[PDB]
Amino acid sequence: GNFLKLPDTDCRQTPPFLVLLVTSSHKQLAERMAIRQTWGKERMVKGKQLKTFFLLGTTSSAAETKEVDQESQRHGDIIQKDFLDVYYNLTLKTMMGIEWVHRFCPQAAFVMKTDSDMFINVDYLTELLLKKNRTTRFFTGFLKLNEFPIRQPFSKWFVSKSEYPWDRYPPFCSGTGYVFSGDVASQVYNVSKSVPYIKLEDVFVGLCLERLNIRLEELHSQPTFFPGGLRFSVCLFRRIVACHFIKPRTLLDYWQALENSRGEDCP
Ligand SMILES: CC(=O)N[C@@H]1[C@@H](O[C@@H]2O[C@H](CO)[C@@H](O)[C@H](O)[C@H]2NC(C)=O)[C@@H](O)[C@@H](CO)O[C@H]1O
Ligand SMILES: *[C@@H]1O[C@H](CO)[C@@H](O[C@@H]2O[C@H](CO)[C@@H](O)[C@H](O)[C@H]2NC(C)=O)[C@H](O)[C@H]1NC(C)=O
Ligand SMILES: O=c1ccn([C@@H]2O[C@H](COP(=O)(O)OP(=O)(O)O)[C@@H](O)[C@H]2O)c(=O)[nH]1
Ligand SMILES: *[C@@H]1O[C@H](CO[C@H]2O[C@@H](C)[C@@H](O)[C@@H](O)[C@@H]2O)[C@@H](O)[C@H](O)[C@H]1NC(C)=O
Ligand SMILES: [Mn+2]
């Protein structure tokens, strides 16, 4: 599969319950370290195995190349393929992660693709997953159902009519963080080359899911995914799965708050 870097794991021996695939550019070492020290820390969560890997492509920069080589050597948690790691190549990065699950970890019960500027509550996510009784053809997150392509030319998410010629996007979930049953990875990988490419990764996955007839589902009766970010509170963060707009310093502070208050009660 032309993988330059592969994590040392055997999902056949110990099938992980939840695999986290984290998107980050080469320069965001601070983000990756904050994640490795917080929600990315591997552990058993109610007796279920959590694994964490970082998706990276390549860069022309020789300095960044060497630092990332040393990072893979020291941590062994990087999935890499030879593609120019840039904002408009995020679809390739996501498809790399899905490919990895298909080729090396089809046994994962659940997989979460996430960004780096995020807070993830794996404890609460694990709890809501064990209650969903949804183990196949499952896909959830912040549902985006009647989205219109952004035609504002200088917008970060701008797509021309050539890049995406229709008025509305298919159903999809925010790329900030989304979760799917491990089987979905093999199906998406299979249909990927037959689906119209788009540079927005979360839309593309939505295209694949629609071609597969996989319907999006809300994970819980209450919102748990917050692409818009949130006012922080220990009690709120104990009852959510994901929150965006969180920088590394802020992530460490929030993790410390949750540890400092662990064993207090909440309304
Ligand atoms: C922060 C936010 O919610 N932004 C809204 C935006 O969401 C983006 O839509 C893109 C497709 O147009 C998608 O590829 C991005 O991943 C997604 N961003 C996030 C953070 O989820 C759209 O909903 C537009 C529609 O007007 O509104 C934005 O403000
Ligand atoms: C996404 O990554 C691919 C693969 O690295 C890029 O394609 C290469 O781009 C370089 C530009 O210097 C060319 O020399 C190669 O011939 C290209 N090869 C392939 C495999 O197509 C592509 O440009 C990247 N996309 C973006 C948006 O930059
Ligand atoms: O070359 C790049 C640029 C960005 N990202 C990651 O992709 C996600 C989207 O980037 P950003 O946070 O800027 O996007 P937005 O939230 O605006 O969609 C983040 O996790 C970035 O770390 C990446 O892996 N490679
Ligand atoms: C998830 O299942 C829980 C376990 O019990 C049920 O098992 C199913 C097979 C069901 O048909 C009954 O046999 C049992 O009640 C159940 O307690 C939860 O309510 C289920 N949750 C959801 C999301 O429906
Ligand atoms: Mn972000």
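Counting begins at 1 with the first residue displayed.
Structure method, as recorded: X-ray crystallography, 2.1 Å.
The backbone N, Cα and C atoms fix where each Cβ goes, and this holds for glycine too.
Listed in Swiss-Prot for this protein:
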type     : residues : note
CARBOHYD : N89      : N-linked glycosylation site
CARBOHYD : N133     : N-linked glycosylation site
CARBOHYD : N190     : N-linked glycosylation site
If you measure between the CA atoms of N133 (N-linked glycosylation site) and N190 (N-linked glycosylation site) and round to the nearest Å, you get 25
Need the DSSP three-state call for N89 (N-linked glycosylation site) to compare against my parser.
helix
Fewest-neighbour residue among glycosylation sites, criterion Cβ within 10 Å, set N89, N133, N190
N133
Cα-Cα separation of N89 (N-linked glycosylation site) and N190 (N-linked glycosylation site), in Å?
19
The answer for which glycosylation sites (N89, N133, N190) have a CB under 6 A from ligand 2 is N89
For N190 (N-linked glycosylation site): DSSP state (helix, strand, coil):
helix
Neighbourhood of ligand 4 - glycosylation sites from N89, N133, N190 with Cβ under 6 Å
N133
Using DSSP and three states only, what is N133 (N-linked glycosylation site)?
coil
